[PDB]
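The chain below stands alone, shown as structure tokens; this is the form deposited in one PDB entry.
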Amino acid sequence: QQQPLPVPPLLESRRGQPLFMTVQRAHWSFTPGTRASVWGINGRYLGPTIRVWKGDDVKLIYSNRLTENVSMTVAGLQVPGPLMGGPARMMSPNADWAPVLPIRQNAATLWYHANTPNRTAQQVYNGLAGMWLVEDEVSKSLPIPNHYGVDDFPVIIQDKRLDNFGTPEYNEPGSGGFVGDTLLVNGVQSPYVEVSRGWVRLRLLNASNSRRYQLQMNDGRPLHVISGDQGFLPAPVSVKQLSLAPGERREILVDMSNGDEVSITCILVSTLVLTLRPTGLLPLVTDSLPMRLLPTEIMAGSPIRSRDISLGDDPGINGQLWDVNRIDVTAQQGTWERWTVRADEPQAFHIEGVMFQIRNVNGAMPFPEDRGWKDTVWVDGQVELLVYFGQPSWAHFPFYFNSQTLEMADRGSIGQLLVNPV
């Protein structure tokens, strides 16, 4: 018998109001009749879902109760380098960091996690990560499910290697990323989520070290995408299969009106991700898909500078290993650039303090789907990104563009980007 999907408690800004993020130990059940000591925030595996609002000036208070140095960051966050994390704001055991973040981006599904140098893969794999939501006018305005824990759920997909007793074991692969055999959603294996008979909103997130999944409904039904690493798409995208690379995030809408049970599927022991089961009565005659999400498909402008980012088979970017004292890219705040990212060996690529649009994929066109605002992209050969640098950074508090395959970032596959104001 499968277990219910665990829903991390909601910790929004605008109602308490310092947001107390305590990194600490554990005790989680990755399996029935088992218990392992893991890592997370506020006594949970992973963390609580954070909710902030555009225009907010949030006070985050990070406290390190772990047994080692820790540096936290929010993937996809739009703020100056001095407010990102990671190495520049490292926290030693019992140390705390209380920044004041000014939210100024459109609604989106982000995520936070540890990015400690040489130690990111093991820290994230320990359960040190969570969801981060940015709400605005548009979002809570659309006729879409927005009742967190009720019709709006966070689907944090994870890849684990749990021993027989239920403890996640991480034996350093090295040559490549880490690959597990047990699918985990929100900490539990192939859970089921009891939803009502109507539209269901799922916020998918790949918090895997390197594994990339291709999801689909076990019943063949299409699947409505509305986001969106960095926000809603101009309009819903109905697809049969969905690609989700590590660090990638996507919001899909599911219609559970027919009443019959549906599951999401992707060596692994089980290909079952999550099961949705209607729980009771009807609406009625509740909502067909909106026709258009983004009020305005306000898109890309002209680039004034082009770059060539190369990765490959070994750690490093353009044949160089991460250097805290080296600035690899110097952009101008408020400009547009065209980055050509290439990779012999497939992997995810991420860029901090920026947002971009995939313009080309191997000389071909990107999917529906991948035509919105993003900060993470899957590379297997070469992709062309239209980048916009709306935030500033400092030489000693720069932004990072990295290989999203944790074992490789932790190994030198990191570059430092300096954005000049303004």
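Position 1 is the first residue in the sequence shown; the rest follow in order. Whichever C-alpha set is largest while still superposing within 1.5 Å between the two forms counts as the rigid core.
Keep in mind the form deposited in another entry is missing from the figure; the text below concerns it.
Candidate set 63, 69, 360, 34; criterion, C-alpha shift of 2 Å or more between this form and the one not shown after rigid-core fit; matching residue, 34. The pair residue 190 and residue 29 separates in the other form: their C-alpha atoms are at least 3 Å more distant from each other than in the form depicted.
In the other form, the Cα-Cα separation between residue 31 and residue 40 shrinks by 3 Å or more relative to the displayed conformation.
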